[PDB]
>>> print(open('coords-v2.txt').read())   # compact mmCIF, C-alpha atoms
# COMPACT_ATOMS: atom_id res chain seq x y z
CA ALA G 1 7.56 26.05 -12.59
CA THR G 2 10.29 27.57 -10.65
CA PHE G 3 11.79 31.11 -10.95
CA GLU G 4 14.63 31.98 -8.57
CA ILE G 5 15.35 35.71 -8.92
CA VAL G 6 18.89 36.54 -7.62
CA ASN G 7 20.16 40.33 -7.06
CA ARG G 8 23.98 40.03 -7.43
CA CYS G 9 24.23 43.76 -8.05
CA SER G 10 25.70 45.98 -5.36
CA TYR G 11 22.52 48.18 -5.31
CA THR G 12 19.00 47.22 -4.35
CA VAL G 13 16.55 46.36 -7.07
CA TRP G 14 12.82 45.86 -7.04
CA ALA G 15 12.18 42.81 -9.10
CA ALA G 16 8.92 42.46 -11.11
CA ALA G 17 7.16 39.58 -12.70
CA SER G 18 4.06 40.04 -14.90
CA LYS G 19 2.21 38.74 -18.01
CA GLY G 20 0.72 41.63 -19.00
CA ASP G 21 -2.71 41.73 -17.32
CA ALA G 22 -1.90 40.06 -13.99
CA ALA G 23 0.92 39.60 -11.54
CA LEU G 24 3.04 36.49 -11.49
CA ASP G 25 3.32 35.14 -7.96
CA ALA G 26 3.49 38.17 -5.67
CA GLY G 27 4.30 40.48 -8.79
CA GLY G 28 7.16 42.06 -7.26
CA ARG G 29 9.54 42.25 -4.35
CA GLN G 30 12.50 44.46 -2.84
CA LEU G 31 15.78 42.37 -3.44
CA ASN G 32 18.75 44.03 -1.37
CA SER G 33 22.29 42.88 -2.73
CA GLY G 34 22.61 39.28 -2.47
CA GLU G 35 18.96 38.51 -1.79
CA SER G 36 16.89 35.94 -3.63
CA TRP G 37 13.28 35.46 -4.34
CA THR G 38 11.84 32.19 -5.72
CA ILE G 39 8.38 32.26 -7.49
CA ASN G 40 5.94 30.00 -8.80
CA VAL G 41 4.66 30.38 -12.38
CA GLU G 42 1.66 28.57 -13.48
CA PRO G 43 2.22 26.00 -16.39
CA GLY G 44 1.77 26.89 -20.07
CA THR G 45 1.64 31.05 -18.84
CA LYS G 46 2.72 32.55 -22.61
CA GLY G 47 4.45 35.91 -22.78
CA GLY G 48 5.48 36.46 -18.95
CA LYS G 49 8.38 38.81 -18.32
CA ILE G 50 10.78 39.42 -15.42
CA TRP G 51 12.62 42.71 -14.92
CA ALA G 52 14.36 44.89 -12.34
CA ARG G 53 13.24 48.32 -11.21
CA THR G 54 15.65 50.88 -9.81
CA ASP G 55 15.54 53.82 -7.43
CA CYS G 56 11.95 53.04 -6.08
CA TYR G 57 9.93 54.30 -3.14
CA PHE G 58 6.89 52.45 -1.80
CA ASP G 59 4.76 53.19 1.03
CA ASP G 60 3.28 51.04 3.70
CA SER G 61 0.26 50.60 1.11
CA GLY G 62 2.71 49.44 -1.56
CA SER G 63 2.13 52.24 -3.97
CA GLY G 64 4.95 54.50 -5.09
CA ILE G 65 7.32 55.28 -7.97
CA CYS G 66 10.52 53.91 -9.51
CA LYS G 67 12.93 55.66 -11.82
CA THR G 68 13.18 52.69 -14.17
CA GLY G 69 10.57 50.05 -14.78
CA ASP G 70 7.60 51.31 -12.96
CA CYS G 71 4.42 49.26 -13.40
CA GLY G 72 1.69 51.79 -12.67
CA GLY G 73 3.07 52.95 -9.32
CA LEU G 74 2.55 49.23 -7.68
CA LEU G 75 5.19 47.41 -5.60
CA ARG G 76 3.34 44.26 -6.77
CA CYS G 77 3.20 44.46 -10.57
CA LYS G 78 0.21 43.42 -12.32
CA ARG G 79 1.20 45.18 -15.56
CA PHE G 80 4.40 45.62 -17.52
CA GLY G 81 6.88 48.38 -16.60
CA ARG G 82 8.00 51.61 -18.21
CA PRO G 83 11.20 51.53 -20.30
CA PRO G 84 14.12 51.42 -20.01
CA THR G 85 13.83 47.84 -18.74
CA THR G 86 16.04 44.92 -19.66
CA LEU G 87 13.63 42.01 -20.11
CA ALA G 88 13.67 38.28 -19.35
CA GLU G 89 10.87 36.84 -21.48
CA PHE G 90 9.25 33.42 -21.53
CA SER G 91 6.34 31.31 -22.67
CA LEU G 92 6.21 27.87 -21.06
CA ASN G 93 4.98 24.43 -22.19
CA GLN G 94 3.59 25.71 -25.55
CA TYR G 95 3.08 22.33 -27.26
CA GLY G 96 6.37 20.32 -25.40
CA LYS G 97 8.81 23.20 -25.01
CA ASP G 98 9.36 26.38 -23.08
CA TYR G 99 11.10 29.42 -25.08
CA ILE G 100 13.31 31.92 -23.35
CA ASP G 101 14.75 35.15 -24.36
CA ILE G 102 16.33 38.39 -23.17
CA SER G 103 15.09 41.52 -24.93
CA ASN G 104 16.70 45.13 -25.33
CA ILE G 105 13.58 46.21 -27.33
CA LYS G 106 12.44 48.34 -24.38
CA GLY G 107 15.83 49.40 -23.56
CA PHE G 108 18.26 48.36 -20.82
CA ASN G 109 18.50 49.27 -17.14
CA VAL G 110 20.26 46.31 -15.41
CA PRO G 111 22.54 43.58 -16.71
CA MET G 112 21.08 40.08 -16.67
CA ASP G 113 21.69 36.36 -16.91
CA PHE G 114 18.50 34.12 -17.59
CA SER G 115 19.78 30.43 -17.34
CA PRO G 116 17.87 27.17 -17.06
CA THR G 117 18.24 25.27 -13.49
CA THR G 118 17.07 21.97 -15.03
CA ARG G 119 19.33 20.01 -18.35
CA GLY G 120 18.79 20.34 -22.07
CA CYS G 121 19.07 23.92 -22.96
CA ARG G 122 21.78 26.95 -22.53
CA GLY G 123 20.94 30.22 -20.95
CA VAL G 124 21.12 33.75 -22.33
CA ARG G 125 22.86 36.86 -21.02
CA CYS G 126 23.37 40.60 -21.54
CA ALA G 127 26.09 41.89 -19.19
CA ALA G 128 27.78 44.60 -21.10
CA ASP G 129 27.89 48.66 -19.50
CA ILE G 130 25.23 49.44 -21.99
CA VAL G 131 24.17 52.66 -19.66
CA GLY G 132 28.06 53.56 -19.75
CA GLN G 133 28.16 53.82 -23.29
CA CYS G 134 24.70 54.43 -24.34
CA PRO G 135 24.31 56.86 -27.28
CA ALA G 136 23.20 60.86 -25.44
CA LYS G 137 19.86 60.87 -27.20
CA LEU G 138 18.98 57.45 -25.80
CA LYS G 139 20.11 58.19 -22.25
CA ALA G 140 17.66 58.35 -19.70
CA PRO G 141 17.57 60.75 -17.05
CA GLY G 142 16.25 58.65 -14.47
CA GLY G 143 18.80 55.95 -15.36
CA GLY G 144 19.31 53.37 -18.14
CA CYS G 145 19.51 53.39 -21.92
CA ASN G 146 16.21 53.76 -23.81
CA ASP G 147 15.33 52.05 -27.06
CA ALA G 148 14.94 54.26 -30.13
CA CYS G 149 11.19 53.37 -30.58
CA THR G 150 10.59 54.98 -26.93
CA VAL G 151 12.67 58.09 -27.71
CA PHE G 152 11.39 58.73 -31.35
CA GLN G 153 8.35 57.26 -31.99
CA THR G 154 8.68 56.27 -35.69
CA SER G 155 7.36 53.37 -37.73
CA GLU G 156 10.87 52.36 -38.55
CA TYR G 157 12.09 52.12 -34.96
CA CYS G 158 8.81 50.65 -33.70
CA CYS G 159 8.34 48.31 -36.67
CA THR G 160 4.75 49.50 -37.03
CA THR G 161 4.29 48.37 -40.65
CA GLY G 162 5.84 44.98 -39.92
CA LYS G 163 8.72 45.93 -42.21
CA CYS G 164 11.74 47.47 -40.55
CA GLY G 165 15.50 47.21 -40.75
CA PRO G 166 18.29 47.30 -38.23
CA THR G 167 19.21 50.86 -37.33
CA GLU G 168 22.26 52.59 -35.89
CA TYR G 169 20.52 52.32 -32.57
CA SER G 170 19.45 48.69 -32.78
CA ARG G 171 22.97 47.74 -33.86
CA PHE G 172 24.42 49.85 -30.54
CA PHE G 173 22.43 47.08 -28.53
CA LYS G 174 23.24 44.08 -30.72
CA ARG G 175 27.27 45.38 -30.46
CA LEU G 176 27.08 44.88 -26.94
CA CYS G 177 24.59 41.97 -26.43
CA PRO G 178 24.36 39.76 -29.53
CA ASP G 179 22.24 37.18 -27.53
CA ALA G 180 19.47 39.70 -26.80
CA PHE G 181 16.80 41.03 -29.20
CA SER G 182 17.85 44.48 -30.42
CA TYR G 183 14.68 45.45 -32.39
CA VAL G 184 11.29 43.88 -33.12
CA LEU G 185 12.27 41.92 -36.26
CA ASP G 186 15.71 40.86 -35.09
CA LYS G 187 16.78 37.35 -36.02
CA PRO G 188 15.47 35.39 -33.01
CA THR G 189 17.93 34.60 -30.23
CA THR G 190 15.21 32.59 -28.50
CA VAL G 191 16.09 29.39 -26.64
CA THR G 192 13.84 26.34 -26.73
CA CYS G 193 13.86 24.34 -23.49
CA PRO G 194 11.96 21.23 -22.37
CA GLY G 195 8.47 21.95 -21.16
CA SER G 196 8.20 22.57 -17.41
CA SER G 197 11.83 23.61 -16.93
CA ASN G 198 12.98 25.76 -14.03
CA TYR G 199 15.16 28.85 -14.27
CA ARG G 200 17.33 31.43 -12.54
CA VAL G 201 17.37 35.13 -13.34
CA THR G 202 20.35 36.98 -11.89
CA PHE G 203 20.92 40.49 -12.07
CA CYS G 204 24.40 42.03 -12.26
CA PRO G 205 25.86 38.55 -12.90
CA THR G 206 29.49 39.63 -13.14
CA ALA G 207 29.18 41.49 -10.18
>>> encode(input="coords-v2.txt", output="structure tokens")
Amino acid sequence: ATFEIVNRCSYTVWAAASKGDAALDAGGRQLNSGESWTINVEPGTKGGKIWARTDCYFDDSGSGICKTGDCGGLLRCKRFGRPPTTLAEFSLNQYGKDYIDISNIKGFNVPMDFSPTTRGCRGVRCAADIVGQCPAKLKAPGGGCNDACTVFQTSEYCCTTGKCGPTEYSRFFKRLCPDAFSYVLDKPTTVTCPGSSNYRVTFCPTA
């Protein structure tokens, strides 16, 4: 399948694409403002993620640091990144359908549109100034708006017992992006698409 990753923000990002224990495609790439990067994701891949990283440095050998979303110091992510990261999430071809979501469960760093480029299903978006508004205790230094489970480390915010409610903090994310997951047991805003669809991720879509 095809992922076209478009940076419509006015600042450079370092896109990432991982499933958790391996890169997707090249696993990451600088995208200056306006630049695009199309990747190939192997059919059926379950649980993949695409995110932006901000304020990075990488050396010649690709190793470095980013202030949001860092995946173990690699330009080319083979693992997931450090919150706060807005997440595009997907599992493809799982019995005749792909399922797409955007998640604020690890926080938010960059607004995002995640729309199918082939018919049948509707995209999802979170474009609101979450970082401009973000509650003080959830602010990150380094940039972005952390989730409560990162900042506090409780069973209720992390949903560790499998029983958790919405919180004042989950609801701050759901007031501003009702189509994105705001905590682990949120009512699903998943989208079911035909198997083997293609997609576009766009950062700073309003921009």
>>> residues_around(input="coords-v2.txt", residues="residue 38 of chain G", least_positions_apart="5", cutoff="12 Å", atoms="all atoms listed in the file", output="list in words")
residues 1, 2, 3, 4, 5, 6, 7, 15, 16, 17, 24, 25, 26, 27, 28, 29, 31, 198, 199, 200, 201 and 202 of chain G
>>> atom_distance(input="coords-v2.txt", atom1="atom CA of residue 42 of chain G", atom2="atom CA of residue 59 of chain G")
28.7 Å
>>> atom_distance(input="coords-v2.txt", atom1="atom CA of residue 203 of chain G", atom2="atom CA of residue 112 of chain G")
4.6 Å
>>> residues_around(input="coords-v2.txt", residues="residue 63 of chain G", least_positions_apart="3", cutoff="6 Å", atoms="all atoms listed in the file", output="list in words")
residues 58, 59, 73, 74 and 75 of chain G
>>> atom_distance(input="coords-v2.txt", atom1="atom CA of residue 204 of chain G", atom2="atom CA of residue 127 of chain G")
7.1 Å
>>> closest_residue(input="coords-v2.txt", among="G:87, G:110, G:131, G:193", to="residue 54 of chain G", atoms="only C-alpha atoms")
G:110
>>> closest_residue(input="coords-v2.txt", among="G:143, G:98, G:185, G:22", to="residue 156 of chain G", atoms="all atoms listed in the file")
G:185
>>> residues_around(input="coords-v2.txt", residues="residue 190 of chain G", least_positions_apart="3", cutoff="8 Å", atoms="all atoms listed in the file", output="PyMOL selection string")
chain G and resi 99-102
>>> residues_around(input="coords-v2.txt", residues="residue 166 of chain G", least_positions_apart="3", cutoff="10 Å", atoms="all atoms listed in the file", output="NGL selection string")
:G and (156-157 or 169-171 or 174 or 182-186)
>>> closest_residue(input="coords-v2.txt", among="G:18, G:30, G:197, G:61", to="residue 117 of chain G", atoms="all atoms listed in the file")
G:197
>>> closest_residue(input="coords-v2.txt", among="G:188, G:47, G:111, G:83", to="residue 205 of chain G", atoms="only C-alpha atoms")
G:111
>>> closest_residue(input="coords-v2.txt", among="G:139, G:67, G:187, G:106", to="residue 89 of chain G", atoms="only C-alpha atoms")
G:106
>>> closest_residue(input="coords-v2.txt", among="G:104, G:109, G:12, G:146", to="residue 32 of chain G", atoms="only C-alpha atoms")
G:12
>>> residues_around(input="coords-v2.txt", residues="residue 10 of chain G", least_positions_apart="4", cutoff="8 Å", atoms="all atoms listed in the file", output="PyMOL selection string")
chain G and resi 33-34+207
>>> write_last_selection(input="coords-v2.txt", atoms="C-alpha atoms", output="PDB file, in the frame of the given file")
ATOM      1  CA  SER G  33      22.290  42.880  -2.730  1.00  0.00           C
ATOM      2  CA  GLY G  34      22.610  39.280  -2.470  1.00  0.00           C
ATOM      3  CA  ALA G 207      29.180  41.490 -10.180  1.00  0.00           C
TER       4      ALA G 207
END
>>> axis_aligned_box(input="coords-v2.txt", around="segment 155-166 of chain G", padding_each_side="6 Å", output="lines of an AutoDock Vina configuration file")
center_x = 11.3
center_y = 49.2
center_z = -38.0
size_x = 26.0
size_y = 20.4
size_z = 20.5
